[PDB]
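Heads up, the thing below is written out as structure tokens.
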Amino acid sequence: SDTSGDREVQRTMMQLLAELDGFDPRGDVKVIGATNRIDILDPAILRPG
Amino acid sequence: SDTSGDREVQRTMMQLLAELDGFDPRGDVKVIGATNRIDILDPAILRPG
Amino acid sequence: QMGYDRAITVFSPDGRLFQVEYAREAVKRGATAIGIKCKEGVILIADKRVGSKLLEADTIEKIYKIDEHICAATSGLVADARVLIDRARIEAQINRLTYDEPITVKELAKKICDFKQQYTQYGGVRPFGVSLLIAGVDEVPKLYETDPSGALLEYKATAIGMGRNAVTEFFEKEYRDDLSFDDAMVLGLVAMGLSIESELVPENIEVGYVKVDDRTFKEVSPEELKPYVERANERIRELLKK
Amino acid sequence: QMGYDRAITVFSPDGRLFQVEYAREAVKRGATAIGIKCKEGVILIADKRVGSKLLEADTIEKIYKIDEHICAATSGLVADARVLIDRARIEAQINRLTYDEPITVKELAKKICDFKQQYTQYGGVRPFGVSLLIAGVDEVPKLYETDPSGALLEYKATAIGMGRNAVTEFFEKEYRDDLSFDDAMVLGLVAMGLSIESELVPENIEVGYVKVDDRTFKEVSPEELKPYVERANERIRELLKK
Amino acid sequence: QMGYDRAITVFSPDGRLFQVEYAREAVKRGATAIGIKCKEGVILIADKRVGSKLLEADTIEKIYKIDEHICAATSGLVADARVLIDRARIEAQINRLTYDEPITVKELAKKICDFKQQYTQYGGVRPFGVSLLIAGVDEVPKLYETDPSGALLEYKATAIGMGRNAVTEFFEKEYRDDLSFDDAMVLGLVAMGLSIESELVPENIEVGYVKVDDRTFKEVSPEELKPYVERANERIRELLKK
Amino acid sequence: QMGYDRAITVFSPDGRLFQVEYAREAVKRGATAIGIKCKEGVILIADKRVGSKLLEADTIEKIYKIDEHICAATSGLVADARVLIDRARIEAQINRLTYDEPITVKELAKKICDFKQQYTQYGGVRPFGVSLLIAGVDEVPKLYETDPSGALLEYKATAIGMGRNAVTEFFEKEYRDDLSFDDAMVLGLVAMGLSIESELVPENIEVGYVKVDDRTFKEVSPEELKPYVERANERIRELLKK
Amino acid sequence: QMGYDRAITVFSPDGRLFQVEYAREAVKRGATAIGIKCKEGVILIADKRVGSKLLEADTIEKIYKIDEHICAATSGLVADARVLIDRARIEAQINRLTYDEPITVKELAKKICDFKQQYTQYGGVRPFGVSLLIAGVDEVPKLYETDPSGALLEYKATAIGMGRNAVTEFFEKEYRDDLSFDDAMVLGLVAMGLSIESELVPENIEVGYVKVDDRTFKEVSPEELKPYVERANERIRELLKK
Amino acid sequence: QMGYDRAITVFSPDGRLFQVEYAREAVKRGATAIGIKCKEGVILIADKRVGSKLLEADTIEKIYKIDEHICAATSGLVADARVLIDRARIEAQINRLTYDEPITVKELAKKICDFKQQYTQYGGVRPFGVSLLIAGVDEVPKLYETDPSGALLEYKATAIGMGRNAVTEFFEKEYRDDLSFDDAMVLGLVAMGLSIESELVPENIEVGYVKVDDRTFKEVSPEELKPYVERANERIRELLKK
Amino acid sequence: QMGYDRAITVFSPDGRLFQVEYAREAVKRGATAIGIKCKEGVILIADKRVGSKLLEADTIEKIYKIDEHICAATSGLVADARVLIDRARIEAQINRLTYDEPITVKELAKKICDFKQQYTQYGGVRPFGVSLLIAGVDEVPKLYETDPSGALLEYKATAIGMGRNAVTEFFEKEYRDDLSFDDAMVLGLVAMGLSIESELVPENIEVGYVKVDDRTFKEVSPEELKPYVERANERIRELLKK
Ligand SMILES: [Mg+2]
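Protein chains in written order, with the authors' numbering: chain J, 253 to 301; chain K, 253 to 301; chain B, 5 to 246; chain C, 5 to 246; chain A, 5 to 246; chain D, 5 to 246; chain G, 5 to 246; chain E, 5 to 246; chain F, 5 to 246.
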């Protein structure tokens with residue numbers, strides 16, 4: 253959607269994912285967190301767990 | 253019909269929008285907006301509250 | 005931005021033709037013309053303010069006879085308007101020619117819709133930038149609006165041009181179905197004063213009408229206009245005070 | 005993919021005409037029209053709902069007879085419908101001229117579609133901006149949907165326009181093949197209510213139908229729309245309570 | 005950019021035609037012309053003061069006899085004038101061919117505009133960036149300006165070309181509708197004198213008129229012109245000392 | 005690529021006309037049409053499922069009759085399918101008009117390819133976005149595939165559309181010329197099983213075939229389909245145990 | 005870059021539409037031709053210097069017979085010249101066919117201007133990039149310039165091409181209306197001399213005249229041009245000392 | 005390169021048409037076709053090689069008959085060949101209409117290269133993108149390559165296609181003007197087998213030939229290729245070990 | 005340059021037509037053809053140089069018979085030249101039909117230049133990228149060169165093609181104006197020898213000529229080339245060592 257812009261944002265995103273269930277636990281989290289779209293979200297965070 | 257520059261504006265714009273409602277009932281954060289006209293502003297900043 | 009308005013043939017993903025919408029926005033930069041339909045006639049009002057002391061007082065003067073009981077006013081390109089008016093006339097005389105039948109208002113409006121839609125669809129040309137108000141009494145009074153595209157819409161009172169938006173609101177309040185000729189003549193004048201934001205004098209309007217009884221086109225004369233002006237201007241003043 | 009969408013002589017590299025995709029979005033910026041097929045005939049209903057009371061909804065038409073046993077409804081530009089139904093009328097009648105036979109529903113659907121394909125070969129003409137639902141009885145009821153692309157598909161219940169999605173989910177549950185005339189009519193009305201999201205008023209809906217038994221087209225006045233609209237509206241209330 | 009202005013069959017997002025608005029300015033790029041209507045005829049005055057001693061004093065011309073009793077001036081591009089006036093003249097005699105009727109001033113300009121409408125709609129051809137002023141006496145004097153678009157405006161006094169803006173201002177205070185033929189003739193010249201910013205010499209400017217007693221095109225040779233010019237030249241002096 | 009594909013006229017550095025090969029992608033999306041030749045006739049099997057179950061999917065229909073021994077199945081636009089088939093129909097009956105011979109399988113294919121091709125070389129018009137297989141027995145089985153390009157490739161078994169991929173890879177192992185009438189009809193039905201990835205119902209499928217010993221196109225009713233469908237359903241399921 | 009000189013169907017905002025002023029720049033680059041008007045005729049002079057000894061010293065032509073009383077000379081492309089000069093010769097004769105009157109220089113001029121403007125106005129064809137000088141004596145000597153725009157400009161004496169500005173200055177000072185045929189001829193040979201910044205030898209120039217007392221075109225013979233040149237060279241040399 | 009290949013009208017700066025260049029690549033993508041002309045006739049052989057056993061025994065058709073003693077074979081786009089060849093047959097019939105003589109190969113070739121030339125001139129229609137080798141025996145054997153450009157070139161042994169380069173190199177050594185009828189046709193099989201990089205069998209080559217001594221075109225059965233193929237394999241083998 | 009070279013319709017502000025020049029860069033890709041005009045006849049010498057030993061020397065020629073006493077050469081596209089020159093045959097023919105006078109070489113050149121000229125003006129079709137040398141003798145020899153514009157230039161010694169610049173230099177130096185048919189023939193063999201940069205064999209060249217006394221076209225046999233060629237080779241070797 254913009255050459256520097258998706259990839260910069262995609263990096264912040266793919267970090268956030270590691271802690272969520274990449275190798276690393278919940279840690280009693282309990283997330284919770286809002287959006288207004290579902291189309292812009294990676295399939296990777298979208299699935300359960 | 254999209255444009256590339258608009259994608260930038262909008263991801264910025266929503267964080268403007270976010271804070272404005274945001275001040276907890278503890279602390280009084282009042283604001284005064286200004287704009288050229290409502291003729292150049294979106295429905296979502298023209299929104300009640 | 006895009007190139008869906010760089011051609012007349014090319015649809016946008018939104019579903020629209022912006023090229024037509026910019027033929028819409030060719031209408032709006034022409035001055036106000038208003039049509040009011042009553043249960044006794046239909047009364048067609050058009051600005052004649054546009055001009056100068058320099059110019060004739062009867063400078064365009066929009067309310068051209070199309071048939072002896074059909075008049076048609078304009079807003080948009082006074083160029084684009086004249087050919088459609090002259091075509092309008094030719095289509096009305098064809099109806100008489102081929103049937104010896106007074107031209108139905110609805111059917112003439114159909115024929116105008118067909119005529120512009122050829123110019124809409126075809127891309128080695130552009131559609132007309134003009135909206136006509138088609139009005140006459142076949143044996144019931146009618147007012148229609150024809151669009152740049154050639155879209156037929158039925159109205160019982162409407163305006164086209166810059167004055168459209170102010171007047172739409174005005175009729176929603178005041179317009180009623182119990183209304184009459186005399187009452188309509190005053191209402192439509194009030195609404196023309198809103199559009200220009202200033203008071204009427206008998207010479208800065210033309211008013212045409214097709215009565216149901218006479219069933220003839222008649223112009224209101226400046227002398228007849230003066231008393232309708234006195235009555236109209238009363239409400240003009242009120243709605244232009246804050 | 006970008007720029008394979010500003011001609012109609014142009015396929016995209018993904019295979020698909022996106023030009024046509026944008027011509028099917030004009031239908032959806034129109035007003036819904038639903039058709040439902042019963043054994044006793046074929047019923048065609050259309051949203052005559054209008055956004056204001058300065059227009060007169062009754063006269064603004066929506067749904068036109070085409071042949072004495074075929075009727076048709078439109079969704080999209082008023083404008084493009086005018087060229088297309090004038091095409092239709094002339095074609096339906098041209099069959100009667102050289103065969104003396106009232107045109108078959110398939111066959112008219114086909115000839116309108118061949119017209120619409122021809123405006124989709126040449127880049128020199130803008131492809132149509134409407135869809136028709138073609139419903140008559142030839143010898144058996146048929147209920148087609150013509151597509152702006154100039155394609156025809158047989159359906160037994162269908163819609164066109166903005167309500168297309170909702171009427172599909174509705175008739176997915178409640179459509180039966182064993183419906184009677186009175187039941188089909190009711191079901192179609194209920195469905196139109198979902199699409200506008202509100203009750204029906206007799207005065208802003210038009211219904212026309214062609215029975216198999218009679219093979220004559222007849223048009224439902226507001227007076228006779230009344231019995232059906234009470235029964236439909238109770239169901240809409242319940243369904244849109246959820 | 006901006007425009008949406010490389011095709012005439014594409015409207016600007018304002019809804020305007022950039023192409024025509026641009027072609028309006030080519031009239032202005034060319035030489036001035038001053039038309040003035042009075043109540044004892046109509047005088048058209050055309051600027052033929054241009055270039056150095058390398059050119060002849062006659063420089064064609066710029067004030068063509070269109071009909072016996074109708075004349076026109078031109079401002080703008082000469083090439084475009086040459087063909088426009090050709091059609092104008094042929095149409096003036098065509099009315100007499102089919103009606104044996106001296107063409108009305110009014111109708112002649114309406115059809116000069118109608119030709120030009122065609123070259124504004126059809127993208128296969130340029131707009132003519134030329135404006136004629138049309139002066140004659142059908143049986144009352146009338147003065148029109150025809151426009152590149154094909155817009156049509158009745159004046160009672162006007163300027164076009166280089167002096168278009170300047171002379172509009174000259175005439176707010178000075179011009180009345182109670183002037184004599186002679187007064188008018190002198191006043192159209194003061195204004196012309198205003199435009200080039202200099203004393204006028206009648207040996208390079210061409211004046212024609214149609215009176216109401218005459219009903220014939222006549223042309224004023226420089227010997228005759230001398231006293232008119234002498235009453236103009238005092239005033240041109242008064243102006244250029246303030 | 006780019007720029008060698010947003011017109012019909014353009015050649016690419018490869019020599020290919022990507023525009024035409026992108027209308028072969030228009031075919032490629034939706035749906036299987038299968039041709040299978042044998043030495044005791046030719047059998048043409050085609051898809052006939054269309055959308056959900058509101059859609060009547062027991063008609064519309066790929067296997068169009070074209071002569072008393074000529075039939076073609078379609079894959080691609082339905083819009084293009086009607087005109088191309090209609091032309092095909094015209095050309096068949098021209099041979100009867102003028103030679104009092106039903107036309108040969110070869111010549112019809114030859115012709116209708118040339119027709120698509122004429123339209124390839126013209127610009128401002130596109131080739132047809134549909135592909136047919138031309139099945140017939142003149143006195144000999146033939147099976148052709150006529151391309152949206154307007155080229156001719158004779159096969160002894162092929163498929164176009166979505167299922168093209170499956171049926172090719174299947175026919176590498178299975179196809180032989182030792183097939184009879186029966187073995188081919190069941191074997192192409194298995195071929196189609198693999199293509200939509202499901203078991204067959206004789207409701208959603210349609211078969212026409214042209215036999216040497218009848219010299220007729222015949223269209224197989226669903227009761228008649230059903231025996232052959234039983235034979236095939238066991239094969240298709242063993243092959244979807246991969 | 006400008007985007008207002010892509011086609012002639014575009015205009016500039018400046019009013020000086022660039023693509024026909026680029027047809028003007030085509031003229032300038034071309035090599036010189038001068039028209040010099042006296043009271044005893046008109047004299048017309050043009051380059052024949054072109055090429056070295058590969059090229060003919062008898063290269064035909066730049067000095068065209070159009071009539072046996074009208075000559076023409078050119079600058080710009082001799083290609084564009086060729087077709088135009090052809091049309092000139094037929095047109096002139098066409099006046100003769102339908103009147104049996106010698107076409108006057110003024111009337112001939114207006115017709116070539118009209119021809120030029122056919123090509124100028126249409127956007128699917130470019131203007132001729134050639135200018136024309138038309139010299140005759142109908143019974144009064146006359147000289148015009150016809151622009152590649154097909155615009156008409158009258159001169160006392162004029163030149164075009166590379167040497168336009170030098171001659172322009174030359175006749176600015178010296179040119180009078182009291183010059184005799186001898187005086188004006190030698191004066192124009194001096195001016196041609198200057199244009200090519202060199203002497204004149206009788207093979208670098210072709211010179212023709214239309215006389216008053218014969219009103220017929222005659223071309224001055226090579227050795228007959230030699231004494232005018234002989235006296236001219238004296239002067240050309242005085243000024244190229246500077 | 006860029007912008008000189010978006011139509012056939014445009015030339016690039018070197019004077020090359022890049023559109024036309026892409027048309028030779030069009031020849032080269034496609035299958036090899038070789039012609040070898042000898043004193044006793046002219047033999048034309050074209051690759052019948054198929055990438056599947058699901059294509060026909062003879063895929064229709066690689067080598068056309070186009071007159072009594074005139075044949076051609078194709079390489080490049082085989083879609084265009086159908087139209088090209090439809091025309092080539094007609095032109096050769098035509099000369100038999102109007103002089104009732106067998107057309108000579110040269111004049112037939114001229115006329116087909118005019119038909120290309122026709123689509124080369126116009127920028128509306130894209131040119132032929134297929135090359136044919138038209139071969140026949142008139143007064144003596146003649147052999148041409150007619151190129152997409154609309155050019156003819158005569159050769160004494162030739163090639164076009166994929167194999168084009170390989171068979172130019174081969175004949176440069178091996179071809180000579182001392183070759184018999186049989187030694188030549190056999191030499192083309194050797195040429196063809198290198199080209200595909202495989203031993204030849206009758207089902208992957210198509211041969212016709214032209215005899216002097218019969219003065220008629222014949223098309224050689226797969227059966228009567230069998231001896232020549234056998235003779236050919238030895239040389240091919242040696243060549244594929246080199 | 006940059007869009008002002010990508011259509012033929014355009015101009016540049018240089019005032020060039022870049023498209024025509026590119027069409028002239030086409031003339032310079034092809035091979036040299038050289039003509040000399042002497043008082044006792046006209047000489048035409050063409051390149052016949054073959055790229056290969058498999059190319060047939062008979063046609064790759066430039067020289068075309070046109071009239072009994074007119075031949076011509078071409079440089080440019082092959083395709084363009086044969087169509088263009090078949091037009092010059094026709095034109096020569098028309099003249100003979102309607103006046104019964106064989107076409108002069110000068111008139112022919114004006115006619116075929118004007119034919120190229122409709123294709124240069126028009127936007128819908130490209131000009132030819134050809135120059136001709138039109139050589140004949142009418143009463144006394146004539147030699148003209150046609151430009152790709154359609155410009156017409158008379159010459160006495162001239163070239164076109166690739167070898168042209170050196171041939172221009174060559175005829176400056178070497179050619180004399182007292183030379184005979186025989187002596188100027190040899191000199192043109194030295195000039196062809198120069199351009200191809202080897203000592204000629206008389207089987208890579210072709211000579212045609214027209215003498216005044218014979219008043220015919222002849223074509224020089226290999227037998228009859230040799231004395232000119234042997235004489236030439238002697239002076240050609242000297243320029244390739246010095
Ligand atoms: Mg929030």
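Cβ coordinates follow ideal geometry from the N, Cα and C atoms, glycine included.
Buried versus exposed call for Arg100/C [16 or more other C-beta atoms within 10 Å across all chains shown]: For the purposes of this step, residue 100/C is taken as residue 96 along the fourth sequence, with counting starting at 1. Counting Cβ neighbours within 10 Å, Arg100/C comes out exposed, since fewer than 16 surround it.
Buried or exposed by the 16-neighbour rule on C-beta atoms within 10 Å, applied to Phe275/J: Position 23 of the first sequence, counted from the first residue, corresponds to residue 275/J. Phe275/J comes out exposed.
Any C-beta of chain G under 8 Å from that of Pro145/F: Translated into the one-based positions of the ninth sequence, residue 145/F becomes position 141. For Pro145/F, the answer is no, since every Cβ of chain G falls outside 8 Å of its Cβ.
Straight-line gap, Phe174/A to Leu58/B (C-alpha atoms, nearest Å): Residue mapping note: residue 174/A aligns to position 170 of the fifth sequence, counting from 1. Residue mapping note: residue 58/B aligns to position 54 of the third sequence, counting from 1. Between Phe174/A and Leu58/B, the alpha-carbon positions lie close to 11 Å from each other.
Partner residues on chain G for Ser153/F, Cβ-Cβ distance less than 7 Å: Taking the first residue of the ninth sequence as position 1, residue 153/F is located at position 149. The contacting residues are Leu81, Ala83.
Helix, strand or coil at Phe221/B according to DSSP, with G and I counted as helix: Your numbering for residue 221/B matches position 217 in the third sequence. The three-state reading of DSSP puts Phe221/B in strand, counting E and B together.
Minimum Cβ-Cβ distance from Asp18/B to chain K less than 8 Å: Within the third sequence, numbered from 1, the residue matching residue 18/B stands at position 14. Yes, because at least one Cβ of chain K sits closer than 8 Å to the Cβ of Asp18/B.
Interface flag, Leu244/G vs chain F, CB-CB below 8 Å: Taking the seventh sequence and counting its residues from 1, the one referred to as residue 244/G is at position 240. Not closer than 8 Å to any Cβ of chain F, the Cβ of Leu244/G fails to qualify, so no.
Closest residue to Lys69/G among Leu229/G, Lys246/G, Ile240/G, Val214/G (Cα-Cα distance): Position 65 of the seventh sequence, counted from the first residue, corresponds to residue 69/G. Nearest of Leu229/G, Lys246/G, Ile240/G, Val214/G to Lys69/G, Cα basis: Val214/G.
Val31/G: first and last residue of the uninterrupted alpha helix (DSSP H) it sits in: Residue mapping note: residue 31/G aligns to position 27 of the seventh sequence, counting from 1. Counting along the chain, the alpha helix (DSSP H) containing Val31/G begins and ends at 22–33.
Straight-line Cα distance separating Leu244/D from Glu201/D: Position 197 of the sixth sequence, counted from the first residue, corresponds to residue 201/D. Position 240 of the sixth sequence, counted from the first residue, corresponds to residue 244/D. Distance between the alpha carbons of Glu201/D and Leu244/D is about 8 Å.
Contacts that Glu260/K makes with chain J (C-beta to C-beta distance below 9 Å): In the second sequence, counting from the first residue as 1, residue 260/K sits at position 8. Within 9 Å Cβ-Cβ: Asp254, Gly257.
Residue list, Cβ distance to ligand 3 heavy atoms smaller than 7 Å: Ligand 3 is absent from the structure shown, which contains only ligand 1.
Residues bridged to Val233/D (per DSSP): Working through the sixth sequence from its first residue, we reach residue 233/D at position 229. Answer is none; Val233/D lacks a bridge partner.
Distance between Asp142/B and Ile67/D (C-alpha atoms, nearest Å): For the purposes of this step, residue 67/D is taken as residue 63 along the sixth sequence, with counting starting at 1. For the purposes of this step, residue 142/B is taken as residue 138 along the third sequence, with counting starting at 1. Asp142/B has its alpha-carbon roughly 53 Å from the corresponding atom of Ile67/D.
Nearest to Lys52/E (by Cα), restricted to the options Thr220/E, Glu223/E, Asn208/E, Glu242/E: Translated into the one-based positions of the eighth sequence, residue 52/E becomes position 48. When only C-alpha atoms are compared, the closest one is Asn208/E.
Reduced DSSP secondary structure (H/G/I, E/B, other) of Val141/D: By 1-based counting over the sixth sequence, the position of residue 141/D is 137. In this structure, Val141/D counts as strand in the three-state DSSP scheme.
Residue from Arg241/E, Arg20/E, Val31/E with nearest C-alpha to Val134/E: On the eighth sequence, residue 134/E is found 130 positions in, with the first residue counted as 1. The residue with the shortest Cα to Cα distance from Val134/E is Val31/E.
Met189/B, buried or exposed, once every other Cβ within 10 Å from all chains shown has been counted against 16: Your numbering for residue 189/B matches position 185 in the third sequence. Buried, by the Cβ-count rule.
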